[PDB]
Structures are given as C-alpha cells and as structure tokens.
C-alpha cells in the first residue's frame, strides 16, 4: 500500500534539527505505510480506522512520543501525518461495505471542541468514514468528496465554530496537558477563510454535499441551513483575527497567565511586531488629566465614548489623536512623556508631536520598559533598545 500523494517539504532554513525530523518522518511514512495504517486501524482509538485524522496519526511517529517535543516537531511531521490520513481515507473507501453509506467531514478552528464532539457521536451501521480536517483551503477536500460521490455515498460537512479567544484558551489547556496547542497564524487562517472554502465547496457540488454547523458559543447549537452556517462562521477577516490573537497571546504572557513555552507555540513563526504595526487607531484618542488617562473611540454618529480608564498621577490636561501619531523611524531617539500604552503600541508626546512605537522591537518588549505618565527617551542602537528615564526634580 503506497501513499496516496507526495509529502510536501517545508523550508526550515538553518534549523538543522527540524530539517532532519522532517526527513526521518517522510522516510518512515513512505517506507512503513502498511504497518503504520495497520496500527492506526486495529490499535489506536479510531473506531477501527474509520475516524481518520492527521492529528491521531502524529502519535505513531517516534518524534511525537515525548510530551515536551510535540509543539516543536509538529510542523516537521504534519505533512507525513496528513498524507497518511489521506491514504487511510482512501483505504477505508476501498472496503466493499454496502451497508455503510455515510461519510462525515468535521472541520473548524483549532480548540473549538471538534474531537470532543466526535467522541460524543455514536457510530451507526450506516457510518462508513469520519474525517477531521481543514476545509478553508478546500482543494484537497475536492478529491475526497469526489471519490465519495463516485461510490454513491452521502457526504455531510459539520463546521464547528467558536470565538478565536475562547478557542485560544482551549488550546492553552491542551498544550499544558497534551503538549500540542495551535499557532495563531493557522487559527486565524482557518477561521477567516472557512466560509470561502465551504461556499467554494457548495458551488462545486451543490445539494450532493450537505453543509451544517455547530455554534459552540450558543451551547453547541445545531445549524441546519447553509446561509445560517455562513453567518455563524463570518467572524472577521484574517488581518483582524490575527491582530486580536497577537494582542491576546502577548497580553496573556505579559500578565503571567501563560508560560513562555505556551506563548511560543501559540506565536509560532509569526513576527508579532509586524502584526502590531498594522493595527489602526484611526477613530481613537486619549484624554489626559490629573486623575489619569482615558481611551475613547468615535462612532459614525460622531460621539466619543469611554473604552478604558487608567489612573495615573502627575499628568496635565490634554487630548491626543492616536490615528495622527508619527511612526518612529529606527535609529533615532525620541524624548518625552508616555501618554498611552497597550499590547500593540506605545504613544509618546515629543516636542515634534505625538509619536508611535511598536510595543515589540526585534523580539524585545518595549511596553514593559515604560510607564504611562513617565518621561523617557526611546532609541535603538543597532537592533538593541535603549530606554532612559528623564524624570527629575528641580
């Protein structure tokens, strides 16, 4: 039994370790396919190999044995695990079983309770195959759905859905126990593009495929009609979700709610500084006074309302439009009082107006080095931050 397709290599660059784990994974999956699939079916918790899933296949690789190594090796072994799942999908379909007529696809953002929902399904006499996987980039699922329709099988797609933030909290707990969580990059990419992929699938196949949803924010509410499924899943763009997730994982690390290892697996390959710099403060301002600072947003009606208040002492009165702040040019020193700070940006009043720094600078955290109301100079000498206090009494 050969693999159904070639395993795509990723470029790991100068990381010699992951580059070698990838090759040992591809070698294993290619050469021991018969014995791997046999162990998947007959021995793992997979309904005799009818529950098909790339994540369950990772457990059969030697690199994935230790809990400590799972977050690190995942991207190196994934494609081998995914192609083994595709091979397994095909082998289940080859079994001549007239009684078994139904194929179920489960999809959705990581940490939405897809696998817990699959455990809570009871197998039936008519159930042939259950496949857990992403359909946001549905090109590979077209080949799968195509084969089901060739054999007159009834295809159903279940799109499980949840807020990115609540989903991210579930992946943290999974990481601390299991050893694998999920990157924000892939969580945002799946959730933002899942409506496109389902719509794409719908146009291609029509009533042959049945698409339903589960809203986990409304106590696992079943959603029968396709138009309702699209409304549930339409939870923002990829830029927005990635933006909100980048701020969340950073805030959670700064506050001491998650560890550095949990932060790093969630971060993944993302350059967070680049995400934070894309954030807009266009309809936003900060009002300062003796009591403290107050963040306000303006709505379409042109009414300012209070978002957040931070008590601070020793500040004079002022109104600062955050959307009109000058971006700090690298290799220059900006001196003045910090008027507002958040997970993405640091806002400093200089003598040449309001200036905006990214809260991260080459993986060094600027935000924690300054306090709102504090008078500082911020400059960067050759990719290394220089923050000096300018506070005095005279």
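Residue numbers count along the first chain shown, from 1.
Relative to one another, 324-332 and 344-352 have unequal mean CA B-factors, and 324-332 is the one with the higher figure.
For the pair 79-87 and 203-211, the mean Cα B-factor is higher in 203-211. The residue among 196, 125, 150, 132 whose C-alpha atom has the highest B-factor in the PDB entry is 125. Taking the deposited Cα B-factors for 109, 141, 307, 103, the highest one is held by 307. Ranked by C-alpha B-factor against the other modelled residues of its chain, residue 47 falls in the middle third. Remark: residue 303 belongs to the highest third of its chain, ranked by C-alpha B-factor as recorded.
Residue 55: CA B factor in the middle third of modelled residues in this chain (values from the PDB entry). Per the PDB record, residue ranking by Cα B-factor puts residue 293 in the middle third of the chain. The deposited CA B-factor of residue 114 belongs to the lowest third of values across its chain.
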